[PDB]
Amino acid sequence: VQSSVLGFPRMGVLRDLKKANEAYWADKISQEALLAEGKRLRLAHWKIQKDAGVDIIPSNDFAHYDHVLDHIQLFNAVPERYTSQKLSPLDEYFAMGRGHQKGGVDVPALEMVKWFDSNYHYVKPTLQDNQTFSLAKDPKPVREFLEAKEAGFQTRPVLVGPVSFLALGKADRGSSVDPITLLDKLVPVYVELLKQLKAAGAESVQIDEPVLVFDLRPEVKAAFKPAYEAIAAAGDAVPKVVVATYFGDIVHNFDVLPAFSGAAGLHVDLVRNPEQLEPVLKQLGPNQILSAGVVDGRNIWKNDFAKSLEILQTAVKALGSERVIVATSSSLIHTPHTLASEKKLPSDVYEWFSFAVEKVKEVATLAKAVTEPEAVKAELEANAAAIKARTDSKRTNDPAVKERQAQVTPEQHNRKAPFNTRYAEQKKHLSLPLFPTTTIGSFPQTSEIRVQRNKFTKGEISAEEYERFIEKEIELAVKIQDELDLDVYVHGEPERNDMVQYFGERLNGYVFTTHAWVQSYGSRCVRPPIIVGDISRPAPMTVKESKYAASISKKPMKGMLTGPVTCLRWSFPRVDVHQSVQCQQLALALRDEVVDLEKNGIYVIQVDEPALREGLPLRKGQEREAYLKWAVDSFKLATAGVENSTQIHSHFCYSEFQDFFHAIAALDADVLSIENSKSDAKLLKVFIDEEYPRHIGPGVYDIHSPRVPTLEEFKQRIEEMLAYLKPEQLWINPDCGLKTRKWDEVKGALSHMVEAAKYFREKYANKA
């Protein structure tokens, strides 16, 4: 039985790729140096995989910035504004990713959005009405395939398929084309590429059609037939094709599968959806290979070999060993490079982890174990012992947490009274005028804020010295808010680096790494916390700063928390228990924090859930509904312990809520802030259609621009929102936190914002 890896993380052991890209963008190294570093990394990673024993090794998975972006260039789908700049291929590539300035003209980047339900971001194919396609000179997949071959590595090239390419695309400015209608123009180019790959020596190709996990509109469904007939019709002139899917099941799209009857194999994610195995087996053509995705490409836990082998033997029994491939569930770009780089983890947790280097070995070990378990019996025994150790650990058997969870009731999820009763108490308590003004949370993160934070964590300044600095920063924020005449204050979060790490460090059940970076957005990476055990709160987490802030504040002061869904989803979660169990533990820990804030002079508490929408299962049905039920219940459990006179606020970083506005409404938040300033006011129609009965602050100030909007601009924006929202429900606030802005920009913009609010207060004042 063969082993397979769908993709390897690109950044390198020490984020070598990030260092090189950025050094190139800062003119410290030449194009030749950067490309050579790219080559060095690809070679090092191919070697890791071959040394591990991997039979089917990927190529074309590497990217300097983004693989979808690679495909845009590969198919000459580049808009005029980039090609007219007459740049080198590399500089044109980066121009689409980051932006570029040739001459007096400043060329912005293409839109980047999240890749399915991951934290990875891809560049959307951005297409013209008159779009045609052709294969780029020196096509990347062929180039990298031959490079691998020359260095002794036979590889399997990875393409994003034609249907997904367009499905994930959009019409450019000045165009209205529905991208999928360009299929007939694109398919020939894939056929030409596959012919070149085959002539270069590629025996098979991995073609990702990840949109198969979506609910597909009929136009997209109908695209698979012509696209894959064209590929099959090329016969032996193209490589064998394995169609790949991940991050969800495909059992709702069995009507699409006949399009792949001329393909050699199908890859399914059996980590996310193990239950899809046997229904999928029944849908395979008589000679088709199952690529069984059994090693998790999305998390950092050692594989359960015995569990994986049971799954694999089911496949082997049904199909025969020659029709089964042991594979990673998805690409490993979503995992860190290697566990060996971690020198400060607790000794007991090491044996539970596998990062990318460890995972590529795992597929080889499993593949060997399918037919010859004796050859790896010592490794199989070690694996079983690791899983047993995790099961038996004190970390995963906290009796107090278990007991607390067992006693949770439905009623504890609900506020003491509905909004219509609550609001009267809130109104007088907070003493809010019409059009109350506030901000979202963070204030400018200055050089000295970062410097002082670093010195404290390194131990170069004492706890007492740091706390005094934090006091002074909070005093400053409050002094500025006093001068601005804002109605509800924040403390600025000068003590906080990252909205999930800050909480992870102050909860039981978490561990932190030093080197476990994952590519997120071009060359920006994240280093997620890891949940290893049952979660609880040993001490107040944010009370000290909020308590001090309230002690000097003439206005209501916002408590500031990250919700249980985000504390969960923006970490690597456990796999030994269901995510709902983990989220509930977090919800109870945060419930305690909320109550502690309220006991310390805080009566406006903002709980933000930016991972909420991201966690949505990728298709509609019982799994999506199950997620929303526990995600919503977790937020409610965390926030429902407050008095009626306390306000619960929540900020959302989007302007559209397709599908899940019902979930937002089920949160029962008193006040909602949303991003809106750069969007058309017509998006606020959802609040009318859903008859939203509670309070709303659609952002009126674009915080991602250093420009100070004028008084008249703020007034015009407020007027536009009032076309959709009732005066009594309207809050006046920025689009988001202010960490990325400077204080001069903040003072100017917020001064104008408050003045605009005051103007409307007079316009809407009672007549004589």
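Note that residue numbering follows the sequence shown and begins at 1.
Mean CA temperature factor is higher for 85-93 when stretches 211-219 and 85-93 are set side by side in the entry. For the pair 152-160 and 291-299, the mean Cα B-factor is higher in 152-160. In the deposited coordinates, the residue among 604, 177, 332, 565 with the greatest CA B-factor is 177. Within the listed group 738, 36, 57, 68, the record reports its top CA B-factor for 36.
Residue 43: CA B factor lies in the middle third for its chain, per the PDB record. Among the modelled residues of its chain, residue 710 has a C-alpha B-factor that falls in the middle third according to the deposited record.
Per the deposited record, the Cα B-factor of residue 733 falls in the lowest third when ranked against the other modelled residues of its chain. Ranked by C-alpha B-factor against the other modelled residues of its chain, residue 593 falls in the lowest third. Compared with the other modelled residues of the chain, the Cα B-factor recorded for residue 317 ranks in the highest third.
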